[PDB]
Each structure stands twice: as C-alpha cells, then as structure tokens.
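Take a look at the structure set out below.
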Amino acid sequence: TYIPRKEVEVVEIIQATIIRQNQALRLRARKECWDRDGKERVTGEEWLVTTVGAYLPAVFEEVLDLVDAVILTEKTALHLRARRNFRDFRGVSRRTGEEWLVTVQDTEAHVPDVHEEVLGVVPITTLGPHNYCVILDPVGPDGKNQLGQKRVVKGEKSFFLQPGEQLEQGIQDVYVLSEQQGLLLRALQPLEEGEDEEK
Amino acid sequence: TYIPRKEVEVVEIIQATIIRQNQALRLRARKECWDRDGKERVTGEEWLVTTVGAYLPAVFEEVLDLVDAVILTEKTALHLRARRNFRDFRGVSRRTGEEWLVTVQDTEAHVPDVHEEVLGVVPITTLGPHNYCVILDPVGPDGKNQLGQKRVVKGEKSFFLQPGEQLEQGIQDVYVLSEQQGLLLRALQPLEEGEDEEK
Amino acid sequence: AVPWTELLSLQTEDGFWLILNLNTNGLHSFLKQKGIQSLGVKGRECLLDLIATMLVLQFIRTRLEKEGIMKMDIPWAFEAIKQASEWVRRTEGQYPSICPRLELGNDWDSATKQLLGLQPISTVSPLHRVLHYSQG
Amino acid sequence: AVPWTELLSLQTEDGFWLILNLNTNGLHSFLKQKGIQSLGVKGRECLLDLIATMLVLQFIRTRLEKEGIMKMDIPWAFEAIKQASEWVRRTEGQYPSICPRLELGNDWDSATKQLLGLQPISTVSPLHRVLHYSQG
Amino acid sequence: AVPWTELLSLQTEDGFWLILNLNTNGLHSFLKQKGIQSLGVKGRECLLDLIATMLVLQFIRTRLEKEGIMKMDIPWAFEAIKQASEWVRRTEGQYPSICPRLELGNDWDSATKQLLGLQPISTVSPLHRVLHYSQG
Amino acid sequence: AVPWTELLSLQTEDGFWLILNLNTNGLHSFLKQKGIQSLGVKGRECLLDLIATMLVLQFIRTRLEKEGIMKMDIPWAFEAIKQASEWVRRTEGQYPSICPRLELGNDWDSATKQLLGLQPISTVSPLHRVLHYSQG
C-alpha cells in the first residue's frame, strides 16, 4: 500500500505485461536512460526483452508490441534482410541490406530481432532420384550471387534456394532413354564431356 | 467454522474440483509463486496436477480446464507436436516444432502435457501376406525424413506411418503370375536384382 | 398448458438447458457469491448447463406426475428427454456432493424442488431471496 | 426482443466485439484511469476487443438462460458464437489474473455480470459510476 | 448518424487526416505555443497529419465500440482503415514519448480521448481551453 | 464555401501567389517600414511572392484541417498545390531566419497563423495594426 506525501504526486498506475515462452517484448526509450541489463539507450532506440513472466515496464520504457519466435521445421527456413549493423545470436557481423537464411541447425525457434526483417519463409526444394533443376544466379564460395551464370543440380538431393538464386524452369525430370530412342543436341560453347573413358 | 476479525476480510469462498482417475487439471499462475510441489512458477505459466480426489486450488493458482488421458490400443498411436523445450515422461529431450509418436509400448494411457500438441490419432497400417506398400519420404536412421526418396514395404507386416511419411498409392497387392502370364517392365536407374543365384 | 414445442425450439445442440418462470438474474447473483468462479471458466458454464438441464427435467417430471404417470429416460418428446438424461448421467460423476457444498439441498431432488418453488425453504437456508427478489 | 441480426451486421472481420445498452464513454474513462496505456497501443486495443467480446458473450448467455437452455461454443447463429469463443480462448492466456488487477472482479464471470448490471456492486468497489453516470 | 462517405470524400492521397466537431483554430494556437515550429517546416506538417489521423481513428473506434464491436486494421471501409493504420504505425517510431513532451497525456489513447472530449481534463492540465474556446 | 476555382483563375505563370480577406495596403505599408527596399527591386518582388504563396498555402491547410484531413505536396487541385510547394521549397533556402528579422514570428508556421488572423498577437509585437486598420 502507498502512503501519500505533499511533494510527490502519483501520475498513473502502470500494469505489467506477461511474456510467455517463445516470445519477446519490444520496448523503446522515451529519454536517454539505462535498461534492466544496464546498457545505455538513446531516445527512440528499441530493444527486446526475453524474460518469461510478468514484465513490469520502467518509467521511460514503452511497451509497443509482443513478438513471437518462428518455429523452423526441416522443410522451412527463414529469410531475413538486415536493417543495420549488428551481430546476431550466432555471432556473425551483418551489414545493412544483407540477406541470409536461418535453418534448424541454427535454432529450432527464432524470435525476429529489431535489427532484422522477416521477408518470408522459404520452403525446401527437394529433388527425387529422377529429378534435376537449374539454379539461376548461384551463390559462389564468397557468398555472393554469381550473376548471369547457371548451375545444374541433379540427384536425390534437397536444399534451400538461398536469396538471389532462382530455379530456371522448376523441378525438371531427367531424360531416360531406351535403346530405340535418341537425342539430338547442340553445343552452345566449346565443351568437354568425358562420360566414359574417352573425351 | 470461521470467527471473523477487524483487519481480515473474506474475499470469496472457493470450491475444489474433483480430479477423477486418468485425468489431470491445468492451472496457471496469477503471480510469481510456488506450487504444492514446491517449484517456482512465473506469471502465466501453466502446469498440470495429477492427484486423484478433490483438488482445492491455491490463492494465485487458477483452474482453467480438466484434461483426460488418451487410451492407446494396439491399432492406434498419438501424434504430438512439441510446443517448446522440455523432457517428456520417457525422459527424452524435445525441441520446438519436433513431432513424434506415442505407442502402447510406452503407456496404455497418456494425458497430453501443456508442452505438447495433439495433432491426431494415427491408425495402424497393416499389410497382409498378399499386400505391399511404398512409403514416401521414409524416416532414416537419424530420425529425419529422407525427402524425395521412397521405400518399398512388403509382407505380413503392420506398422505406423511416422510423421512426414506417406503412402504413395495406398495398400497395394502383389503380382502373382501363372506360367501363362508375364510382365514387361522398364528400368529407371541402373539396378542389380539377384533373385536367383545369378545377377 | 405449458409451452411444449417452444422448449424444443430452445433445445441446445448437445443436450443441455420465461418457459421456466424463475429468477435468472437473482440465481446467477446467488451462485456468484458461493464461489463458482473458482471452478474455471469452462467449469462454471458446464455446471450452469447441468443445473439448467436438471431444472428442465424437474419441470417435466412435475408436469408428468400431476397426471400420475436420471431414471426419466409421451412418445413424441422421448428423444429429447433421453438425450438430456444421457447428458445428465455423464457429467454428474465429475461433481460428488456438489449441492451441499453450493448450499442448495441434500441432493438434486431436494435442490430442484426448492429452486422450482413447490416445496418450503427453511430460515436456516439462504434460498429465501430466489423466489422473493422476483416478488420485488 | 433484442436485436439479433443487427449484431451480426456489426460483426467484425476477425471475431471480436446501443445493442449493448451500456455506458461506453464512461467505461473508457474508467479504464483510462487504471493504466491501460502502459500495455502498449497494440495491447490496449486487443484488451478492449477482448472485454467487448466477453460482454457480447455474457449478453448472449443471459439471453439464453432466461429461457433455461469459453464453453459456449440456436443453430442459425452457432457459427459466430463458435468463432467468437475460439477468439476468446486464444488470447485469454496472454492475461492471467487481469480482472483483479484492473479492478473488475474475481474472474470474467464475476466481471461481466457486474458490468452488464444484473448483479450488485459493493461500496468497497469503484464500479458504482459505470451504471450511474449513464443515469446522469 | 455521423457522415461516413463524406469522410472518404476528404480522404487524402497518402493515408493521412466539421466531420470531426472540434476547435481547429484553438488547437493550432495551442500547439503553436508548445514549440512545434522548432521541429522543422516539414516536421510540423507530418506531426499535424499524424495527430489528425489518430483523431480520426479514435472517432472511428468510438463509433464502433458504442455498439460493442495501431491494432484497428465493417468490410466496406476496411481498406481506408487498413491504410490509415499502416500510415500510423510507420511514422510513430520517429516520435518516442511525444504526447508527454507536447503536454497531451501519457500516450495516444490518453491524448485522443481528452482531445475528443468524452473524458475529463484535470486542472493541473492546460487542455481546458480546447473545448471551451469553442464554447465562447 | 470559399472560392476554389476563382483561385486557379488567379494562378500565376510560375507557381507564385478578396479571395484572401486580408489588408493588402496595410501589409505593404508595414513591410515598407521594415526595410524591404534594401533587398533589391528584384529581391522584394521575390519575397512578396514568397509570402503570398505561403499565405495561400496556410489558407489551404486551414481549409483542409477544419475537416481533419513544404510537406503539403483533393486530387483535382493536387497539381497546383504540388507546383506551389515546389516553388516554396526552392527559394526558401535563400532566406534563413527571415521571419524574425522581418518581425513576423519564429518561423513561417508562426508567421502565417498570425497574419491570417486565427491566432493571438501579443502587445510586445507590432502586428496589431494589420487586422485593425482593416477595422477602420
């Protein structure tokens, strides 16, 4: 209970919010302050709080909205543009506009940071033993899309189309041929195909 | 009987609930407390209580609903998505979004936890001695569905379609052939079938 | 000359229950005092539907026994009485000794006769304002 | 003789809620004092829609139980009551013990009966000016 | 019986806002004193359009909740309310704690209820001449 | 019921500005005292056209915000408002802090509200005879 005083005025009666599990709460500053972790916050700076239970705000902190983590099954991934420079939960440095993916091997659940942008959920591309596909603009060893080029993927294999990439004509099926059937086919560029011992 | 007092006020007259056998009662916290087992509970945190009889709530605990255990015959199993990280009654660690099955060899009755999600009851797939089936996306030795592949199951055999798996074209029946009957059949991939001594 | 078909017009989808001539407001404010909120939101609606179905069955049995003729299950309304009795006999086992603890009588036969209004109510009982608040 | 179809004309796109006969202004100025602004702009609209949907469900249950007949889910309006009950039972778990902390009662059954006006309101409770500011 | 189509006739090209029944002159001379000129010419028009759009949304929510039914996004006017809510939720992050510093309330729910006129205004608050200069 | 088309009949060839209801004579003799001749013959006409265009834009914004709805750029007159705002935002950078030095207010929002006449004018300010010489 509260006993009043002459020089102290009660402004309002603030009420806590309940952070359930696999959630988080976004709340900005109204003034240059510190948070409960003891980190400086400038005005307007938003951050997340990830403690489960009743969460009572502070006097300058504002509660905007509750955020719920996304569940990542083996057949889905998470496409995330960066909003500015930070380091994520895995601890790699991102830059503004940089896009990447989050998979199950990282986390089973990911709550989208205030420094990230959910662009969409990427379902897995799976190829049977009788299927192949041609990836447009594949991602090279430097992590950057190689524009203009292509890459042919064949076999019992499943993978995610990383951002930038695109399938040319969908999941395609391989040409099986009897001994009564043949293919006529032209070369676009000088090539070498040593299927057997010869070339 | 209750003798009153000047500084103590009676708020309400709460009534117990009756937990019958093969049931459980779900009740959350209204405030950071402890339960009758003596475990910390944050606000909003739900849990189950599995003592049979009249169950009188505490002052912060709330009674939401009664839950009844599911009975598992040999011809049915239980499909359960996980809601967050925990360890079940068998004592294995689950992760968010992970799905699995519960069978009779685990328990005859299972009361669905607050950290679990009943997706449905899976009836058994049984194959006669004249029946076969083709499982789409079978589960490998690592417990993960092998996407794109198939697996051919034949014989007097009964089993459960684990989550992820699917029958291709239902329960199919085997080709028995007289000596006046033959099959023409093509190879899709290079294969080896040594039915007899030769190959 | 009670409304018979008008009850079946108000028959619910599962088998639970003016046409009753009883203080609704007053009964809900009476049960609000006794602590029905502590039985869960889901639980209090189940209990109120149980008490309403027992009230309809007691009204039916009073209508029948003036001409002389859980055990109650006319041929034209036998189906609704049968499914109502089956709805009663399933959920009653969840609540043993609930009419003493809610202060309504010994059992349901003692409770519904007092709540319907054909039997006396003692001064030691707090059920005097369920028939007289409708008289005010 | 309450408006039934006129409620479904005012049915929202997701399942949330004169036709209610209640002081709207006064209830909003009552909840303004208790600190609903500190729950976030997004949060206070969700809470007000929750309380309005519980009020509509209590009005429906009062309309039904005068004829006797979260658990509430007539066949012609069963779809709207079903989707409203499913909208209630999802977002209620975000708010444990919210009716004591907002000073409205023990639980939602105690709160909506007092806010609707059929049950008494004590002097120790500040809910006396929600029915009497409409009387002035 | 408020004008509904006449609001959409005055709908702006981007999603920003008599039909409001409020002292316009007096509110502009009130905000002139508090130092809105120091936010830039571009900034003050953005802030005034923000406050006008919040006022229209509060008028809409008051119109809806009398019948009971940032989170606000009838089916026939759902598009304008959706684009207005998306215009609100984008530019609000530029201004943290702007309603205390402009002396209008705690947050926007406290501010628009006082500026609309359905909730009381204290003597310690200077918002007494926004409803009474229109009374003179 | 202000003249709308009659303004576009008086629209200039480049985008610069009774229909205004303001003392023209008196404002020109007011600005004659403050030393507008020392800005060059070419300069004073550019400044007067700037102030007239800001006055027309403030009259437009007052007309719009009574219904609620440099940043100002109805669809039928959007072209003239767009080209007028582009004419304003180009030549304003030639004159930093010109409304204090010409004794009209803090910035253009403070100046045009006082010159239009909807906001008070202090005794320490010499802008009292721009609305009262028209009253004599």
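For A:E45 and E:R101, the FRET efficiency from 1/(1 + (r/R0)^6), where r spans their Cβ atoms and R0 equals 22 Å, is about 0.85. Charge dipole of chain B (Cα centre as origin; +1 on each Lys and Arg Cβ, -1 on each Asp and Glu Cβ, all else neutral): 860 debye, rounded to the nearest 20. Toward the positive end of the charge dipole of the protein assembly as shown, with +1 on the Cβ of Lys and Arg and -1 on the Cβ of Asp and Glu, the farthest Cα among F:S122, D:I98, D:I60 is that of F:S122.
Residue exposure proxy: E:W108, D:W17, B:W34, ordered by other Cβ atoms within 10 angstrom of their Cβ from fewest to most, comes out as B:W34, E:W108, D:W17. Looking at B:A82, F:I74, F:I19, which one has the Cα that reaches farthest to the positive end of the dipole of the protein assembly as shown (charges on Cβ: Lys, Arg +1; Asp, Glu -1)? So the residue furthest toward the plus end is F:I19.
Size descriptors for the range D:64-136 (Cα atoms only): Rg and Dmax, in that order, 15.1, 42 Å. Per residue of E:99-108, other chain Cβ atoms within 10 Å of the residue Cβ number 3 on average.
When the scattering of the range A:96-199 is computed by the Debye formula from its Cα atoms alone, each counted once and equally, what is log10 I(q)/I(0) at q = 0.14, 0.19, 0.20 Å⁻¹? Scattering profile of the range A:96-199, log10 relative to I(0): -0.77, -1.20, -1.28. The mean number of Cβ atoms from other chains found within 10 Å of a Cβ in peptide D:117-124 is 2, as a whole number.
What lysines does D:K42 reach when the alpha-carbon gap must be under 23 Å and sequence neighbours fewer than 8 apart in one chain are set aside? Straight-distance partners of D:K42: A:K31, D:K32, D:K34, E:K66, E:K71, E:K82, E:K113.
Inter-copy label distances at A:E74, using a point 7 Å along Cα-to-Cβ, come to 3.0 nm with the shortest given first. Label-to-label distance for A:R87 and F:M72 is 5.2 nm, based on points extended 7 Å past Cα in the beta-carbon direction. Dipole of chain B computed with +1 at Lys/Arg Cβ and -1 at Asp/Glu Cβ about the Cα centre; of B:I18, B:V8, B:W34, farthest Cα towards the positive end is B:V8. About its Cα centre, the range C:15-136 has a charge dipole of approximately 260 debye under the convention of +1 per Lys or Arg Cβ and -1 per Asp or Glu Cβ, with nothing else charged. Name the residues of the range B:87-112 whose amide N is less than 16 Å from a point 7 angstrom out from the Cα of B:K75 along the C-beta direction? Within reach of a label on B:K75, which here means backbone N under 16 Å from a point 7 Å along Cα→Cβ, the range B:87-112 contributes B:104. Each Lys and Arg adds +1 at its Cβ and each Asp and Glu adds -1 at its Cβ; summed about the Cα centre, the protein assembly as shown shows a dipole of about 4900 debye. Within the range C:96-136, what residues put their amide N at less than 17 Å from the label point 7 Å along the Cα-to-Cβ vector of C:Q33? Within reach of a label on C:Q33, which here means backbone N under 17 Å from a point 7 Å along Cα→Cβ, the range C:96-136 contributes C:100-105, C:115, C:121-136.
Remark on chain B: Rg and Dmax equal 26.5, 103 Å (Cα only). Every Cα-Cα pair of the protein assembly as shown was included, and the share exceeding 39 Å stands at 62 percent. With Cα atoms as the point set, the range C:46-101 shows a radius of gyration and Dmax of 12.2, 37 Å. Taking 7 Å steps out from each Cα toward its Cβ at B:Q23 and B:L184 produces label points 6.8 nm apart. Between this copy and the others, label points of C:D109 are 2.7, 5.5, 8.2 nm apart in ascending order, each placed 7 angstrom from Cα in the Cβ direction. Across identical copies of the chain, E:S134 has label-point separations of 2.5, 2.5, 5.0 nm, listed in ascending order, with the point defined 7 angstrom from Cα along Cα→Cβ. As a calculated quantity, the FRET efficiency between B:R5 and E:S125 at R0 = 30 Å, using C-beta atoms, amounts to about 0.10. When peptides A:37-47, A:154-164 are sorted by average Cβ neighbour count within 10 Å, with the highest value leading, the order is A:154-164, A:37-47.
Translational diffusion coefficient of chain C (Stokes-Einstein, Kirkwood radius from Cα pairs, 4 °C, 1.567 mPa s): 81 µm²/s.
Here, each number is a calculation from the coordinates, and none is a lab measurement. Positions of Cβ are generated from backbone atoms using ideal geometry, with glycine treated the same way; all protein chains shown enter the neighbour counts.
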